[PDB]
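Asker: structure for the following, please:
(chains A and B)
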Amino acid sequence: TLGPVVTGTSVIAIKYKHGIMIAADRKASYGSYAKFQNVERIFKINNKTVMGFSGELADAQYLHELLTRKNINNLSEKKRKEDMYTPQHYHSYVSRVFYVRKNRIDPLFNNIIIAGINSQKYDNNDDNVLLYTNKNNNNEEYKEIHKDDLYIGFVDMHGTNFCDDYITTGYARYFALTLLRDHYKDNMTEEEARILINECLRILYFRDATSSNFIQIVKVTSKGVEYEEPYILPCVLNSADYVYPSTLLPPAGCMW
Amino acid sequence: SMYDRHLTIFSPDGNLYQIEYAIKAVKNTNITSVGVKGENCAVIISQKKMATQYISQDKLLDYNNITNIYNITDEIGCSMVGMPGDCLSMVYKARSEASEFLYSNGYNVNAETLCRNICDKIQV
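Answerer: Numbering: from 1, shown residues only, chains lettered A, B, ... in the order given. The relevant structure is shown in the block below.
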């Protein structure tokens, strides 16, 4: 790849009391043209790990392929649930791929988020892994997962990598991150986490031209990786001044 | 000097007789205009009469065209009494002054300031 052609905009991932909540609008743009409006941008790596991306879609699909087969081989050698690769392992692997490609001046034009649960003590999902069946879609309850057992990593084009309690990509690194650094807190419930993520996505919808309001939410919890039903975010303007007719303003001067 | 009543220069007593003669020329037109202010309005009334000048009033003259009231802008009008060439000239000067003001400042000139700017032009 020589540069972005088809791109996704921004991803938000945060720890809350039951695991990881990661969000991305389902949009991939061809420049300023919103060609694809129903694109999946958060992928399941294993029952405890997800991958989100911004930037070029082809490079992201390549990386998703790499990780899919890495998880398959991991399962091929597994003899006990502890053998499954952690989110930290996948974050290291992706950071390494990016570093190697930087040294060749052949990078993937992506920013990546690797998030998940860094422990095996909260459930027995990895005792019998199903790749092609999902049982979550039974009446059990989520276990609170200590924040230290949760992992959210970031990788950019140059191989810069780090972990945090909340990670953002793209325009979320300005709009969402400001609100998160002001307002995020530990042990948030699903309701509070969802409310904060939705406020960030609403600001992005109002201020990022590449964004959309059709939001895919993914959760990684004691029940595994769950894709929520995509939903349209209701975004209303926050001032009547915007809606005031221009003809009611003075006709003279630069009144616009 | 012998020409102190020909140019706009002071005479021995301090008068500029050219200004007095221009005012008399205004008076010679025999045109009367009256402006009156209300509490929330203002009115100007003038005669629809040709200024007494070299030529006289013909019966084929279109009397509807005879006027001494002009719009400067949509919201500012005036009566101009005096020599018709000079009155038309002052009308155009005032219109251009108002338009320049509007463009420069993004709002319409009010009547006071337009009058003062016109008079600054006349002082020259």
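
Asker: ok, which stretches of the chain are helices?
Answerer: With no chain named, the answer covers chain A. Counting by DSSP state H, chain A has helices at residues A:57-77, A:87-103, A:175-183, A:190-207.

Asker: switch to chain B, that's the one I care about
Answerer: Taking DSSP H, the helices of chain B run over residues B:17-28, B:84-105, B:111-123.

Asker: these two touch, right, residue A:197 and residue A:217?
Answerer: Yes: between residue A:197 and residue A:217 a contact is recorded at 7.3 Å, counting by C-beta atoms under 8 Å. (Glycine included, C-beta is placed from N, CA and C.)

Asker: touching both of these two, which residues are there?
Answerer: Residues touching both residue A:197 and residue A:217 by C-beta atoms under 8 Å, 6 or more residues apart in numbering or on different chains: A:21, A:23.

Asker: partners of the residue nearest to residue A:64 when sequence neighbours are not counted in the sheet?
Answerer: With sequence-adjacent residues excluded and distances taken as C-beta to C-beta, 6 or more residues apart in numbering or on different chains, residue A:64 is closest to residue A:43, at 5.0 Å. Residue A:43 forms beta bridges with residue A:51, as assigned by DSSP bridges.

Asker: and stretch B:75-92, which residues are buried?
Answerer: B:76, B:78, B:79, B:80, B:81, B:82, B:83, B:84, B:87, B:90 (16 or more other C-beta atoms under 10 Å in any protein chain shown).

Asker: now the stretch 1-150 of chain A against chain B: closest residue?
Answerer: residue A:32 (32.8 Å; C-beta to the nearest C-beta).

Asker: can you check the stretch 101-250 of chain A too?
Answerer: The minimum distance from the stretch 101-250 of chain A to chain B, using C-beta to the nearest C-beta, falls at residue A:250 (7.3 Å).

Asker: any idea how many residues pack against that residue?
Answerer: Neighbour count of residue A:250, defined by other C-beta atoms under 10 Å in any protein chain shown: 9.

Asker: same check, this time on residue A:29
Answerer: Neighbour tally, residue A:29, other C-beta under 10 Å: 22.

Asker: which ones are touching it?
Answerer: So residue A:29 contacts A:6, A:7, A:8, A:9, A:35, A:36, A:210 (C-beta under 8 Å, 6+ apart).

Asker: go with 7 Å
Answerer: Contacts for residue A:29 (C-beta atoms under 7 Å, 6 or more residues apart in numbering or on different chains) come out as A:7, A:35, A:210.

Asker: from residue B:84, how far out is the residue lying closest to residue B:61 once chain neighbours are set aside?
Answerer: Closest residue to residue B:61 apart from its sequence neighbours, by C-beta to C-beta, 6+ apart: residue B:50 at 7.2 Å. To residue B:84, residue B:50 is 8 Å away according to C-beta to C-beta, to the nearest Å.

Asker: just residue A:66 next, same as before
Answerer: Residue A:66 is 91 Å from residue B:84, where distance means C-beta to C-beta.

Asker: next one: residue A:170
Answerer: 71 Å.

Asker: likewise for residue A:74?
Answerer: From residue A:74 to residue B:84 the distance is 100 Å (C-beta to C-beta).

Asker: cool, and residue B:51?
Answerer: Distance, residue B:51 to residue B:84, by C-beta to C-beta: 6 Å.
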